[PDB]
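Student: Curious how this folds, go ahead:
(one chain, ligands or ions: 2)
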Amino acid sequence: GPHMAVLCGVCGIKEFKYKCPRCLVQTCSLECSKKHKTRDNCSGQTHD
Ligand SMILES: [Zn+2]
Ligand SMILES: [Zn+2]
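Tutor: Numbers count the residues shown, from 1 in each chain. Ligands and ions are numbered 1, 2, ... in the order given. Right below this line is the structure:
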């Protein structure tokens, strides 16, 4: 690949696969998606 990839906004050690509708954080997995929720107060429903 041409190395045109974005890193996980949370852990940033491989790549992203998700993108929180609120935080817009491109997470690598649901684990990183649920990671910001417990500290940033997020549910991930866009208008939660
Ligand atoms: Zn991650
Ligand atoms: Zn979020």
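Student: Spell out which parts of the protein neighbour ligand 1.
Tutor: 8, 10-11, 28, 32 (Cβ under 5 Å from the ion). C-betas here are computed from N, CA, C, even on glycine.
Student: Now a PyMOL select for only the buried ones of the residues you listed.
Tutor: Only the buried members of the residues of the chain next to ligand 1 enter the following PyMOL selection, criterion being 16 or more other Cβ atoms under 10 Å:
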select buried, resi 8+10+28+32
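Student: Just the ones of the residues of the chain next to ligand 1 in helices?
Tutor: With DSSP state H as the criterion, helices contain residue 32 from among the residues of the chain next to ligand 1.
Student: Which two among the residues of the chain next to ligand 1 are spaced furthest apart?
Tutor: 10 and 28 (7.4 Å; Cβ to Cβ).
Student: shared neighbours of the two, anything?
Tutor: Common contact partners of residue 10 and residue 28 (Cβ atoms under 8 Å, 6 or more residues apart in numbering): none.
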